[PDB]
Amino acid sequence: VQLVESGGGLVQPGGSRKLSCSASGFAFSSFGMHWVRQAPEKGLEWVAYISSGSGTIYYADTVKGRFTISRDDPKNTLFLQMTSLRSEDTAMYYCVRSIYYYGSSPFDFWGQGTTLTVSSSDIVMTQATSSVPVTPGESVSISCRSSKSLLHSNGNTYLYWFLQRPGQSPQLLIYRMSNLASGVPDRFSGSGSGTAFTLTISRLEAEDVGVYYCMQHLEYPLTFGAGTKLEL
Amino acid sequence: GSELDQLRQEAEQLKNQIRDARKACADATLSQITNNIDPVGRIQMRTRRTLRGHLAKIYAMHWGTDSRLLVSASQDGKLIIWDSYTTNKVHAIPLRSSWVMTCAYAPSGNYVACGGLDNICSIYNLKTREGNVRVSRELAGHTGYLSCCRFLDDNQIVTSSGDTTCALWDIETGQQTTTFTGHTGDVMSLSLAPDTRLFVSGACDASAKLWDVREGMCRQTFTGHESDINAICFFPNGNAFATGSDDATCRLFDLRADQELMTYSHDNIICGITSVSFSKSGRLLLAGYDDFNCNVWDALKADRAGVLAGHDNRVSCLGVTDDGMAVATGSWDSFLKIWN
Amino acid sequence: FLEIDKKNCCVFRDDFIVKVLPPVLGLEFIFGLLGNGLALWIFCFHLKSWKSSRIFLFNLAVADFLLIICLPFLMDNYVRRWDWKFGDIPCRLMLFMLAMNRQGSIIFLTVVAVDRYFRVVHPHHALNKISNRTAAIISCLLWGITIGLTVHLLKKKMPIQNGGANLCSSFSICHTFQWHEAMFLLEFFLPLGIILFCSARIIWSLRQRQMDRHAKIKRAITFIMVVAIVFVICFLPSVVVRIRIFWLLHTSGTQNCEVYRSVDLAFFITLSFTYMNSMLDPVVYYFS
Amino acid sequence: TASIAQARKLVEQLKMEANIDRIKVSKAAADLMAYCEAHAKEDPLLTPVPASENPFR
Amino acid sequence: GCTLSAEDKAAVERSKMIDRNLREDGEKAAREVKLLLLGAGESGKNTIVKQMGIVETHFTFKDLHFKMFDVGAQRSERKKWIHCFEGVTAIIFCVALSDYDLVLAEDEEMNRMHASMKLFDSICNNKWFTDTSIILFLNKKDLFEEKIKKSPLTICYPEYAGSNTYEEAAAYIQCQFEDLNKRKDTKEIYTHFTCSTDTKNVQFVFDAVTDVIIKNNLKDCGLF
Ligand SMILES: CC(C)CCC[C@@H](C)[C@H]1CC[C@H]2[C@@H]3CC=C4C[C@@H](O)CC[C@]4(C)[C@H]3CC[C@]12C
Ligand SMILES: O=C(O)c1cccnc1
């Protein structure tokens with residue numbers, strides 16, 4: 001089980017590029033695949049989505065028309081192809097697998113990341129704070145907020161809390177605002193209602209420090225709040 | 001020799017003593033006690049969903065723990081997991097031996113069990129990290145076809161086979177940790193207690209037995225049918241269980257007082273039962289017949305209260321959710337039906 | 001008797017049609033109607049097989065039935081000797097239904113006789129195992145070509161001045177080659193050269209296999225011959241009178257219509273054979 | 001002479017099953033009635049369920 | 001589409017892929033031939049198997065795949081699992097005819113010919129095999145022509161009178177088998193003579209199944 005992606009580098013403004021990933025260790029043909037760009041200037045957002053069966057393909061309005069996505073299902077490979085690269089197309093790219101059936105936990109394994117540098121309506125989610133100083137051993141809380149209700153017809157609040165430790169790739173913490181991913185300690189939790197939610201941590205350790213993010217999935221494009229760093 | 005004959009005579013007079021003990025502890029029929037109450041109205045249940053995609057006879061189904069998923073098995077060599085609310089398909093699992101007779105769902109949601117007409121019970125892991133279902137363990141050692149299986153825990157299972165033997169198994173080691181013997185003919189079914197401390201089995205010698213998980217203790221023997229016995233279930237309380245035979249009859253047996261409680265027979269039915277199941281309050285008994293349709297019995301008066309007439313062929317399997325929401329029904333036409 | 005529709009076309013009105021044609025046509029209506037009606041009722045209400053061989057007969061049991069409803073108005077046309085009083089549209093929809101059902105009761109009568117051949121000489125073949133969702137498509141295509149070869153009978157100002165009355169018809173004795181007569185001959189020649197071949201090979205190959213010793217094989221053989229010879233009897237006569245007509249047109253000019261005086265009368269009797277099948281089509285396929 | 005051993009097994013099984021105490025049938029029937037009466041409200045099949053909150057409609 | 005959410009519009013597509021796979025895979029099971037093999041103990045079942053819980057067997061003859069099910073090791077009730085073979089093309093039934101005086105290890109008096117005759121009778125009138133054809137194999141004819149000359153078959157056939165030669169005795173035994181049928185219009189029993197021949201067995205089976213298939217197709221379209 002691993003997603004090894006390559007294709008990054010430094011590019012001209014006018015010019016194409018390709019980003020491939022190899023998914024070794026699982027049944028790749030049963031996984032819808034996302035690209036999530038991460039601008040170095042605290043930039044985060046969803047890029048593109050291709051499903052299991054090459055039926056659906058989705059883009060975020062800022063990208064539609066210049067990126068194309070594809071699969072190589074016999075050889076377990078995922079491709080992105082980019083044609084027009086503006087000056088604000090410099091960031092890092094995370095390929096995320098996710099499988100949708102009842103009870104699943106999408107956005108589970110998050111790849112490693114590939115850096116791309118360029119030569120020189122939508123729901124809104126808000127994380128007003130940016131930094132919370134605190135000492136280990138005591139509880140902490142972070143807030144995120146949207147602009148409308150998320151209790152959809154299927155009753156599921158499509159908010160995803162997930163973490164990035166310094167120098168590491170992210171990992172899922174809380175999918176659907178009330179469910180904790182697998183492999184992470186049970187110290188993390190989260191609760192909210194309406195348009196406002198809070199991630200909570202009861203016991204504080206040295207690994208728990210990092211930058212936290214919130215995701216909505218109700219409809220494409222997928223939109224975030226900002227980052228709220230915890231500091232030692 | 002003479003010892004054989006004297007032991008046989010002693011056994012016969014013990015049988016007479018046990019028969020007299022069973023007879024002498026009964027005072028009134030369960031119908032007399034249950035006749036004061038009023039009967040439920042005409043239970044009108046309509047087909048809400050219709051699960052289709054099986055291409056051959058369906059032999060078993062089992063309701064999931066959260067009362068939204070279920071699994072089914074057919075002679076096509078496939079096992080299928082459903083979403084009852086949406087009518088989606090969550091998983092399709094290919095089998096090795098096309099000749100199946102039962103399937104089972106783990107009470108946590110990680111595993112499903114299968115096997116039949118091959119003397120091997122296979123275990124499947126659903127929540128793997130590779131995304132696909134895989135074979136966990138292959139319990140082998142029986143010498144007759146497997147007729148039922150039911151998870152006791154996440155690591156203990158119990159099966160009954162056609163070689164007149166039940167067995168309690170560990171999935172980790174793979175070796176029988178208990179063997180239950182004492183039946184003469186093929187064993188057709190078993191059902192687990194609510195608290196997983198006892199379980200009952202029913203066999204082709206027109207007899208059923210109450211076992212004991214911890215040590216192997218055969219605690220009690222029930223009779224009464226004059227043909228095979230291919231369906232049993234505990235009452236939700238855990239103090240009773242009902243049987244469905246091949247001579248177009250269903251019966252109710254009590255654990256504490258070991259006699260007959262209820263006979264569910266009707267002259268216009270001349271063909272035998274395939275499946276039985278209960279309701280959340282233990283008020284409805286659903287019986288799957290082979291006159292092509294199911295039947296709903298008021299389990300306290302024995303009279304009918306509804307018919308699920310919707311199938312083209314014989315009914316094999318049948319189940320009820322844990323919350324009491326719906327009832328699911330399979331048959332030999334390869335169509336599952338959810339009723340509310 | 002010579003008039004001009006758009007061409008030099010003879011036309012007659014003989015006082016012998018009235019005596020014989022209305023009774024023939026009324027009997028063929030009143031029995032063909034029920035004969036196809038209960039067949040279609042069974043196919044729709046009291047039969048639950050629905051195999052890729054019972055949805056080729058269903059189409060043949062709607063084609064002929066449509067021809068029936070069209071009959072009483074033709075009986076009214078003959079009872080008053082070529083006097084049409086219902087205007088333009090009823091005439092122009094009475095001569096497209098008849099001409100499109102008949103070609104569509106012969107296209108769904110050949111497919112059966114190919115079904116059977118692929119079920120005898122070529123057992124366990126692919127076309128024996130097609131689903132009844134890939135046979136309704138070909139039924140729709142067959143209806144499509146049927147309708148596409150008969151549309152030219154709505155695009156014409158049909159009722160015509162004969163002086164005395166108005167004649168509602170498609171079969172008139174002219175001297176110009178066209179598509180309708182060629183269709184009339186070619187809707188009989190090709191299905192014959194297919195049915196004979198299929199119905200002979202089925203019987204022969206069910207006989208060089210020494211298999212014709214159970215009764216039901218013999219019964220099937222008899223009914224196969226029944227089908228072929230009933231087709232030839234109920235269709236052939238009309239296709240030789242029209243050849244005699246073309247013979248007379250090419251040999252003798254259309255200047256003395258009196259020559260045709262008798263033969264055409266015979267034609268409008270032999271054409272009453274073409275409806276004949278729609279009466280006794282079910283008694284061969286759907287009942288016995 | 002294993003036949004007498006099998007007879008010994010069977011008679012031991014009879015000794016083994018002849019050592020239990022029983023109750024009256026009417027008491028079991030009353031317990032069944034009581035359990036049915038207590039849970040009459042939580043089962044969406046016996047009492048005609050309102051069409052407001054079921055998730056299969 | 002509109003009423004659904006972005007995480008209930010991939011569940012539907014996944015279910016559709018499941019359905020497509022199920023349908024495409026259920027077409028390779030309605031074109032194969034299924035044959036159920038039976039015999040009476042040491043009746044040469046292994047012999048015919050070599051001539052070509054459950055024991056599957058695979059072979060292909062003339063671009064046509066057969067699946068032979070051998071259920072000899074069940075040693076349990078037959079009525080509890082026989083109906084699982086209801087939709088089978090044919091039943092192969094193998095028996096050795098050189099074994100009329102050789103009696104079973106169970107009873108000295110009863111021989112194995114009578115036991116196998118009872119078996120063939122019992123398989124020929126079950127309610128699940130009303131229209132199911134039976135292919136009959138008579139075995140060890142080599143040893144039989146020697147055995148019959150030493151001792152008459154009157155021992156096994158008290159009501160029989162024959163000159164104790166090969167052909168008449170073999171034909172009498174064959175008649176005694178084929179008279180056991182009780183349907184005679186829907187069903188047909190196909191019989192054959194082989195000891196160790198390498199060509200006649202599989203061709204016999206192929207002919208017997210082509211005849212059944214022809215009948216099935218012709219009665220499917222009403223004509224038959
Ligand atoms: C079972 C499946 C394969 C049946 C296929 C039927 C095909 C092979 C045959 C059956 C009868 C045939 C038709 C017989 C006669 C006519 C009328 C003629 O004016 C045009 C061709 C047309 C319309 C033929 C087209 C081909 C046809 C439709
Ligand atoms: O069959 C016809 O189309 C027809 C019938 C009567 C007169 N003219 C044509």
# chains A, B, ... in the order shown; residues from 1 in each chain; ligands from 1

call {"tool": "select_by_dssp", "arguments": {"residues": "range 2-87 of chain E", "states": "helix (DSSP H, G or I)", "output": "MDAnalysis selection string"}}
result
chainID E and resid 11:25 45:51 82:85

call {"tool": "write_last_selection", "arguments": {"atoms": "N, CA and C atoms", "output": "mmCIF file, in the first residue's frame"}}
result
data_model
loop_
_atom_site.group_PDB
_atom_site.id
_atom_site.type_symbol
_atom_site.label_atom_id
_atom_site.label_comp_id
_atom_site.auth_asym_id
_atom_site.auth_seq_id
_atom_site.Cartn_x
_atom_site.Cartn_y
_atom_site.Cartn_z
ATOM 1 N N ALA E 11 -21.417 5.857 -5.413
ATOM 2 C CA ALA E 11 -21.984 4.587 -4.984
ATOM 3 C C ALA E 11 -22.838 3.972 -6.087
ATOM 4 N N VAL E 12 -23.635 4.799 -6.768
ATOM 5 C CA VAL E 12 -24.479 4.305 -7.851
ATOM 6 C C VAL E 12 -23.630 3.754 -8.988
ATOM 7 N N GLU E 13 -22.587 4.482 -9.378
ATOM 8 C CA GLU E 13 -21.717 4.019 -10.449
ATOM 9 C C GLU E 13 -21.020 2.718 -10.070
ATOM 10 N N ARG E 14 -20.574 2.610 -8.815
ATOM 11 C CA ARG E 14 -19.956 1.369 -8.360
ATOM 12 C C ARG E 14 -20.936 0.203 -8.442
ATOM 13 N N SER E 15 -22.185 0.431 -8.035
ATOM 14 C CA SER E 15 -23.194 -0.616 -8.131
ATOM 15 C C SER E 15 -23.444 -1.019 -9.580
ATOM 16 N N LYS E 16 -23.445 -0.047 -10.495
ATOM 17 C CA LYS E 16 -23.608 -0.372 -11.912
ATOM 18 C C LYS E 16 -22.460 -1.228 -12.433
ATOM 19 N N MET E 17 -21.231 -0.942 -12.008
ATOM 20 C CA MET E 17 -20.112 -1.790 -12.411
ATOM 21 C C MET E 17 -20.258 -3.207 -11.858
ATOM 22 N N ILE E 18 -20.715 -3.333 -10.608
ATOM 23 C CA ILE E 18 -20.993 -4.658 -10.049
ATOM 24 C C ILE E 18 -21.997 -5.399 -10.926
ATOM 25 N N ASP E 19 -23.078 -4.712 -11.307
ATOM 26 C CA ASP E 19 -24.121 -5.335 -12.119
ATOM 27 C C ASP E 19 -23.586 -5.787 -13.468
ATOM 28 N N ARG E 20 -22.771 -4.951 -14.104
ATOM 29 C CA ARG E 20 -22.215 -5.315 -15.399
ATOM 30 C C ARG E 20 -21.345 -6.557 -15.292
ATOM 31 N N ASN E 21 -20.493 -6.624 -14.267
ATOM 32 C CA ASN E 21 -19.643 -7.803 -14.107
ATOM 33 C C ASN E 21 -20.475 -9.060 -13.873
ATOM 34 N N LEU E 22 -21.492 -8.967 -13.014
ATOM 35 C CA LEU E 22 -22.359 -10.113 -12.762
ATOM 36 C C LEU E 22 -23.013 -10.606 -14.042
ATOM 37 N N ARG E 23 -23.510 -9.684 -14.868
ATOM 38 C CA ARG E 23 -24.212 -10.106 -16.076
ATOM 39 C C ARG E 23 -23.255 -10.708 -17.100
ATOM 40 N N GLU E 24 -22.074 -10.110 -17.281
ATOM 41 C CA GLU E 24 -21.125 -10.665 -18.244
ATOM 42 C C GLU E 24 -20.590 -12.021 -17.808
ATOM 43 N N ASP E 25 -20.518 -12.281 -16.504
ATOM 44 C CA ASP E 25 -19.989 -13.563 -16.052
ATOM 45 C C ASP E 25 -21.031 -14.671 -16.010
ATOM 46 N N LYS E 45 -16.829 -46.675 -12.302
ATOM 47 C CA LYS E 45 -16.878 -45.218 -12.413
ATOM 48 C C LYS E 45 -15.493 -44.651 -12.698
ATOM 49 N N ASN E 46 -14.506 -45.066 -11.901
ATOM 50 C CA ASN E 46 -13.121 -44.692 -12.161
ATOM 51 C C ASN E 46 -12.677 -45.135 -13.549
ATOM 52 N N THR E 47 -13.159 -46.292 -14.006
ATOM 53 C CA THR E 47 -12.739 -46.810 -15.303
ATOM 54 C C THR E 47 -13.133 -45.854 -16.425
ATOM 55 N N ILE E 48 -14.410 -45.466 -16.476
ATOM 56 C CA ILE E 48 -14.864 -44.521 -17.496
ATOM 57 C C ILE E 48 -14.238 -43.146 -17.291
ATOM 58 N N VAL E 49 -14.020 -42.740 -16.035
ATOM 59 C CA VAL E 49 -13.352 -41.461 -15.801
ATOM 60 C C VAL E 49 -11.972 -41.455 -16.445
ATOM 61 N N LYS E 50 -11.233 -42.553 -16.308
ATOM 62 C CA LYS E 50 -9.924 -42.672 -16.938
ATOM 63 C C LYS E 50 -9.995 -42.899 -18.443
ATOM 64 N N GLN E 51 -11.090 -43.474 -18.951
ATOM 65 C CA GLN E 51 -11.205 -43.707 -20.389
ATOM 66 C C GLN E 51 -11.151 -42.398 -21.165
ATOM 67 N N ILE E 82 -29.764 -33.722 -3.742
ATOM 68 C CA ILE E 82 -29.891 -34.138 -5.134
ATOM 69 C C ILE E 82 -30.476 -33.016 -5.985
ATOM 70 N N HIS E 83 -31.436 -32.260 -5.442
ATOM 71 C CA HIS E 83 -32.101 -31.218 -6.217
ATOM 72 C C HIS E 83 -31.158 -30.100 -6.635
ATOM 73 N N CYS E 84 -29.969 -30.020 -6.046
ATOM 74 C CA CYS E 84 -28.969 -29.065 -6.492
ATOM 75 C C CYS E 84 -28.485 -29.352 -7.903
ATOM 76 N N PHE E 85 -28.793 -30.532 -8.444
ATOM 77 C CA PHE E 85 -28.411 -30.909 -9.798
ATOM 78 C C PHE E 85 -29.606 -30.956 -10.739
#

call {"tool": "residues_near_ligand", "arguments": {"ligand": "ligand 1", "cutoff": "7 Å", "atoms": "only C-alpha atoms and all ligand atoms", "output": "ChimeraX atom specification"}}
result
/C:103,106-108,110-111,114-115,127,142,183,186-187,190-191

call {"tool": "residues_near_ligand", "arguments": {"ligand": "ligand 2", "cutoff": "6 Å", "atoms": "only C-alpha atoms and all ligand atoms", "output": "ChimeraX atom specification"}}
result
/C:95,98-99,169-171

call {"tool": "select_by_dssp", "arguments": {"residues": "range 8-149 of chain A", "states": "strand (DSSP E)", "output": "VMD selection string"}}
result
chain A and resid 9 to 11 14 to 24 32 to 38 45 to 50 57 to 59 67 to 72 77 to 84 91 to 98 114 to 118 131 to 133 140 to 145

call {"tool": "atom_distance", "arguments": {"atom1": "CA of residue 211 in chain A", "atom2": "CA of residue 117 in chain A"}}
result
22.4 Å

call {"tool": "residues_around", "arguments": {"residues": "residue 7 in chain D", "least_positions_apart": "2", "cutoff": "12 Å", "atoms": "only C-alpha atoms", "output": "JSON, numbers by chain"}}
result
{"B": [1, 2, 3, 4, 5, 6, 7, 8, 9, 10, 11, 12], "D": [1, 2, 3, 4, 5, 9, 10, 11, 12, 13, 14]}

call {"tool": "write_last_selection", "arguments": {"atoms": "N, CA and C atoms", "output": "tab-separated table (two decimals), in the first residue's frame"}}
result
chain	number	residue	atom	x	y	z
B	1	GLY	N	-23.75	-59.17	23.32
B	1	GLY	CA	-23.89	-60.09	24.43
B	1	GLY	C	-25.01	-59.72	25.38
B	2	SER	N	-25.00	-60.34	26.57
B	2	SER	CA	-26.02	-60.05	27.57
B	2	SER	C	-25.88	-58.62	28.10
B	3	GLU	N	-24.64	-58.14	28.22
B	3	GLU	CA	-24.43	-56.77	28.68
B	3	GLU	C	-25.05	-55.77	27.71
B	4	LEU	N	-24.93	-56.03	26.40
B	4	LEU	CA	-25.56	-55.17	25.40
B	4	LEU	C	-27.07	-55.08	25.63
B	5	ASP	N	-27.72	-56.23	25.81
B	5	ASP	CA	-29.17	-56.24	25.96
B	5	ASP	C	-29.60	-55.57	27.27
B	6	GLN	N	-28.86	-55.81	28.35
B	6	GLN	CA	-29.23	-55.19	29.62
B	6	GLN	C	-29.03	-53.68	29.58
B	7	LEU	N	-27.96	-53.21	28.93
B	7	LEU	CA	-27.76	-51.78	28.77
B	7	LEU	C	-28.84	-51.17	27.89
B	8	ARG	N	-29.27	-51.90	26.85
B	8	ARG	CA	-30.34	-51.40	26.00
B	8	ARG	C	-31.65	-51.29	26.77
B	9	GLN	N	-31.94	-52.28	27.62
B	9	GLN	CA	-33.15	-52.22	28.45
B	9	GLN	C	-33.09	-51.04	29.42
B	10	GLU	N	-31.92	-50.83	30.04
B	10	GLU	CA	-31.76	-49.69	30.94
B	10	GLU	C	-31.94	-48.37	30.19
B	11	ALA	N	-31.38	-48.28	28.98
B	11	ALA	CA	-31.55	-47.07	28.18
B	11	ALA	C	-33.01	-46.84	27.82
B	12	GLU	N	-33.73	-47.91	27.48
B	12	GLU	CA	-35.14	-47.77	27.15
B	12	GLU	C	-35.94	-47.27	28.35
D	1	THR	N	-16.30	-55.98	21.23
D	1	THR	CA	-17.27	-55.71	22.29
D	1	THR	C	-17.50	-54.21	22.45
D	2	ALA	N	-17.14	-53.44	21.42
D	2	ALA	CA	-17.35	-51.99	21.47
D	2	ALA	C	-18.82	-51.62	21.42
D	3	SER	N	-19.70	-52.56	21.07
D	3	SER	CA	-21.13	-52.28	21.08
D	3	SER	C	-21.62	-52.00	22.50
D	4	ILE	N	-21.13	-52.76	23.48
D	4	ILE	CA	-21.50	-52.47	24.86
D	4	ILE	C	-20.91	-51.15	25.30
D	5	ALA	N	-19.77	-50.74	24.73
D	5	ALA	CA	-19.22	-49.42	25.03
D	5	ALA	C	-20.10	-48.31	24.47
D	9	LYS	N	-22.08	-45.43	26.46
D	9	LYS	CA	-22.14	-44.02	26.10
D	9	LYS	C	-23.57	-43.51	26.08
D	10	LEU	N	-24.48	-44.29	25.49
D	10	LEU	CA	-25.87	-43.84	25.39
D	10	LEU	C	-26.54	-43.78	26.76
D	11	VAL	N	-26.31	-44.79	27.61
D	11	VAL	CA	-26.93	-44.77	28.93
D	11	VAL	C	-26.30	-43.69	29.81
D	12	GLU	N	-25.01	-43.40	29.62
D	12	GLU	CA	-24.41	-42.27	30.31
D	12	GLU	C	-25.02	-40.96	29.83
D	13	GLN	N	-25.31	-40.85	28.53
D	13	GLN	CA	-26.00	-39.67	28.02
D	13	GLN	C	-27.39	-39.54	28.64
D	14	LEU	N	-28.05	-40.67	28.89
D	14	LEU	CA	-29.37	-40.61	29.52
D	14	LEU	C	-29.29	-40.21	30.99

call {"tool": "interface_residues", "arguments": {"of": "chain D", "to": "chain B", "cutoff": "7 Å", "atoms": "only C-alpha atoms", "output": "VMD selection string"}}
result
chain D and resid 3 to 4 7 to 8 11 14 17 to 18 22 to 26 29 to 30 33 36 39 to 40 43 to 45 55 to 57

call {"tool": "write_last_selection", "arguments": {"atoms": "C-alpha atoms", "output": "PDB file, in the first residue's frame"}}
result
ATOM      1  CA  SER D   3     -21.128 -52.282  21.082  1.00  0.00           C
ATOM      2  CA  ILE D   4     -21.504 -52.475  24.859  1.00  0.00           C
ATOM      3  CA  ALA D   7     -24.494 -48.638  24.866  1.00  0.00           C
ATOM      4  CA  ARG D   8     -22.531 -47.358  27.874  1.00  0.00           C
ATOM      5  CA  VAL D  11     -26.929 -44.774  28.932  1.00  0.00           C
ATOM      6  CA  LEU D  14     -29.370 -40.612  29.518  1.00  0.00           C
ATOM      7  CA  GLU D  17     -29.813 -35.580  30.417  1.00  0.00           C
ATOM      8  CA  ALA D  18     -32.001 -36.952  33.249  1.00  0.00           C
ATOM      9  CA  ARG D  22     -38.417 -28.066  34.868  1.00  0.00           C
ATOM     10  CA  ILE D  23     -41.015 -25.315  35.191  1.00  0.00           C
ATOM     11  CA  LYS D  24     -44.699 -25.084  34.351  1.00  0.00           C
ATOM     12  CA  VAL D  25     -45.556 -24.378  30.718  1.00  0.00           C
ATOM     13  CA  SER D  26     -48.010 -21.625  31.683  1.00  0.00           C
ATOM     14  CA  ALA D  29     -46.194 -18.674  28.096  1.00  0.00           C
ATOM     15  CA  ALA D  30     -46.701 -15.786  30.528  1.00  0.00           C
ATOM     16  CA  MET D  33     -46.509 -12.645  26.641  1.00  0.00           C
ATOM     17  CA  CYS D  36     -43.998  -9.281  23.757  1.00  0.00           C
ATOM     18  CA  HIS D  39     -41.474  -4.217  23.459  1.00  0.00           C
ATOM     19  CA  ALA D  40     -44.706  -3.487  21.569  1.00  0.00           C
ATOM     20  CA  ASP D  43     -40.911  -2.688  16.274  1.00  0.00           C
ATOM     21  CA  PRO D  44     -41.878  -0.898  13.044  1.00  0.00           C
ATOM     22  CA  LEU D  45     -43.791  -3.913  11.708  1.00  0.00           C
ATOM     23  CA  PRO D  55     -36.205   5.274   5.364  1.00  0.00           C
ATOM     24  CA  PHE D  56     -37.327   2.870   2.621  1.00  0.00           C
ATOM     25  CA  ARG D  57     -40.181   4.965   1.174  1.00  0.00           C
TER      26      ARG D  57
END

call {"tool": "closest_atom_pairs", "arguments": {"of": "chain B", "to": "chain A", "cutoff": "7 Å", "atoms": "only C-alpha atoms", "output": "Markdown table"}}
result
| residue | atom | partner | partner_atom | distance |
| --- | --- | --- | --- | --- |
| B:90 | CA | A:101 | CA | 6.1 |
| B:130 | CA | A:26 | CA | 4.1 |
| B:131 | CA | A:27 | CA | 5.7 |
| B:132 | CA | A:27 | CA | 6.4 |

call {"tool": "write_last_selection", "arguments": {"atoms": "N, CA and C atoms", "output": "PDB file, in the first residue's frame"}}
result
ATOM      1  N   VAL B  90     -22.583  -3.151  -2.745  1.00  0.00           N
ATOM      2  CA  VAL B  90     -21.363  -2.717  -2.076  1.00  0.00           C
ATOM      3  C   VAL B  90     -20.190  -3.637  -2.391  1.00  0.00           C
ATOM      4  N   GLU B 130      -6.324  -3.248   1.565  1.00  0.00           N
ATOM      5  CA  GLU B 130      -6.072  -3.363   0.136  1.00  0.00           C
ATOM      6  C   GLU B 130      -7.289  -3.045  -0.717  1.00  0.00           C
ATOM      7  N   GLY B 131      -8.460  -2.877  -0.111  1.00  0.00           N
ATOM      8  CA  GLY B 131      -9.659  -2.492  -0.813  1.00  0.00           C
ATOM      9  C   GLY B 131     -10.542  -3.640  -1.255  1.00  0.00           C
ATOM     10  N   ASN B 132     -10.009  -4.858  -1.319  1.00  0.00           N
ATOM     11  CA  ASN B 132     -10.755  -6.014  -1.790  1.00  0.00           C
ATOM     12  C   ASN B 132     -10.944  -7.023  -0.666  1.00  0.00           C
TER      13      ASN B 132
END

call {"tool": "atom_distance", "arguments": {"atom1": "CA of residue 105 in chain A", "atom2": "CA of residue 174 in chain A"}}
result
9.6 Å

call {"tool": "residues_around", "arguments": {"residues": "range 108-124 of chain B", "least_positions_apart": "3", "cutoff": "9 Å", "atoms": "only C-alpha atoms", "output": "VMD selection string"}}
result
(chain B and resid 64 to 66 71 73 79 95 97 to 105 127 to 128 133 to 151 153 to 154 159 161 to 162 171) or (chain E and resid 53 to 54 74 81)

call {"tool": "residues_around", "arguments": {"residues": "residue 185 in chain E", "least_positions_apart": "2", "cutoff": "12 Å", "atoms": "only C-alpha atoms", "output": "list in words"}}
result
residues 213, 214, 215 and 216 of chain C; 130, 131, 132, 133, 181, 182, 183, 187, 188 and 189 of chain E

call {"tool": "interface_residues", "arguments": {"of": "chain E", "to": "chain A", "cutoff": "7 Å", "atoms": "only C-alpha atoms", "output": "list in words"}}
result
residues 5, 6, 7, 10 and 11 of chain E

call {"tool": "residues_around", "arguments": {"residues": "range 109-125 of chain E", "least_positions_apart": "6", "cutoff": "10 Å", "atoms": "only C-alpha atoms", "output": "PyMOL selection string"}}
result
chain E and resi 38-43+91+93-103+131-134+136+156+173+176-183+187+189

call {"tool": "closest_residue", "arguments": {"among": "E:108, E:63, E:198, E:77", "to": "chain C", "atoms": "only C-alpha atoms"}}
result
E:63
